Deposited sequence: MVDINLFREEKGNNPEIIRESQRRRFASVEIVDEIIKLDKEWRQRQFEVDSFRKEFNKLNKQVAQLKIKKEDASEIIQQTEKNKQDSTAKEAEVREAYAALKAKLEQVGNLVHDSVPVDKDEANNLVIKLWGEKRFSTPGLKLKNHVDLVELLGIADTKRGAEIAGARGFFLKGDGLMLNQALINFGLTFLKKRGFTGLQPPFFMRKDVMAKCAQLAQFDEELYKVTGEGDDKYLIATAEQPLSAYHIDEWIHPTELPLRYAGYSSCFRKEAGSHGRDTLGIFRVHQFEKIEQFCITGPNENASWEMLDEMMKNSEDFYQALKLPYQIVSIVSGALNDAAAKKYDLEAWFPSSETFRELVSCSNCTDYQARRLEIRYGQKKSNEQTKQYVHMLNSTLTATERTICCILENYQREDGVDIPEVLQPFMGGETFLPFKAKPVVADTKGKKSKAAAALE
């Protein structure tokens, strides 16, 4: 939820919310609905203090003086707990409209309703193509040829889009997780591996609202009903819930690692239900444009990493209309897939400012909340598919150089 204070011309200026609503191609009226609703809530919270205030003007000098105004102090003491309710059903009606307002869209964000108008802002890398000596194979056919996944036996076991990693497939995955974690460790990041369970209660306060809520796997189990996490970002957001964080602790840098479960996948390993993910999770103070410097820091770390792997890519800024509710601004790094000659998304990078922080009561007198950003570094299975296509030869695949140490210095996976 956004800050009710960004709606009050008493403390202004609500037109900023109105602009954000326009850019999100969503209700501008709801900004008037909510102002009226706040008006009521703070009236009733004062129509309480009307009774509270009269209350010690009635019990002013009952003993220190006879009088029958103590039949009225029965009406008042009682009245104080009548308005006591009104406040509670005002605030709740206010919260039901407020919950629907997306985060304030940053002015740098391209305004448009369609991802088709999504804006490329940076290129890097020399893109391979099929020549007539080398017809470039797709990840699907390179996996089979290489013998490093069993999607057939995987599908009969876990159902559709289910895979085993096998032999040098498993080493590669593990190779990439450790390259990932050390890469981030060197840049001041602290590992966190969350549980792949989250209580629906907590999840309710997390993710990106009604869009990422009733579309996870359910786990029946032991205590409360639980979800399988879709993204390490979710649990990591819940770390530091209801906590205070001290200016001196910030910034915080968690290299998140977990297995990931998504219901909406659609035999390869790009389009899957289960997969592993390293993520950059970062908390900042809310002032001094600290979260905006941190977005650049994370985006640079994602670029540096895809450069280390020598994977050609392009960076796209996402249109205001495509931003989800938490995100104030967002980049994709889309990486080159030679066989099909398309860019595909391997990284998403978001500044969500205080939007989740305010829900998870993650505090920084008059209520300041911290800024939180999240940036996939590598979905390993996808990243591998990208690596197989870009490093293929006539009779196998060359291992990226940075990943050769974590594979015992092997440099080539031969076709079977």
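Tell me which segments of the deposited chain sequence are not represented by C-alpha atoms in this structure. Several stretches lack coordinates - namely 12, 67-72, 274-279, 378-384, 437-456, in sequence order.
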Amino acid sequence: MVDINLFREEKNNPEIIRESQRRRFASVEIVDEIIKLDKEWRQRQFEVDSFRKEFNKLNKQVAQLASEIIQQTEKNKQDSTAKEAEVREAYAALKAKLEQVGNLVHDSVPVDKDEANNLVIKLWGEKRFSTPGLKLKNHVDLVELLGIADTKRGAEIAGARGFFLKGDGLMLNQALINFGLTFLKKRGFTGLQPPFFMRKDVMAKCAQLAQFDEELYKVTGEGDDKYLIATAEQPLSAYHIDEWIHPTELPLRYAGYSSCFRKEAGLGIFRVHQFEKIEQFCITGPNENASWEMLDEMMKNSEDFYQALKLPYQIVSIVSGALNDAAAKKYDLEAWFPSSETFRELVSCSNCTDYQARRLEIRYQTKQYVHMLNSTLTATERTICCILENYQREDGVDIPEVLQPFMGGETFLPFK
From here on, numbers count along this sequence of modelled residues.
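Is the mean CA B factor in the deposited entry higher across 403-411 or across 13-21? For C-alpha atoms only, the mean B-factor is higher in 403-411.
374-382 versus 54-62: which one carries the higher mean Cα B factor per the record? Between 54-62 and 374-382, it is 54-62.
Going by the entry, which of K263, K127, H139, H106 has the most elevated CA B factor? Reading the PDB entry, the winner on C-alpha B-factor is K263.
Most elevated Cα B-factor in the entry, residues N351, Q45, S348, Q356: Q45 has the highest C-alpha B-factor of those listed.
Thinking about Cα B factors across the chain, which third does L388 belong to? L388: CA B-factor falls in the lowest third of its chain.
Which third, lowest, middle or highest, does the CA B-factor of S258 fall in along this chain? Its C-alpha B-factor belongs to the lowest third of this chain's values.
So where's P235 on the chain's Cα temperature factor ranking, which third? Answer is middle: the recorded C-alpha B-factor places it there.
Ordered by C-alpha B-factor within the chain, which third holds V272? Give me lowest, middle or highest, please. Highest third of the chain for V272's C-alpha B-factor.
For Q71, return the chain-relative third of its C-alpha B-factor as stated in the PDB record: lowest, middle or highest. Top third by C-alpha B-factor.
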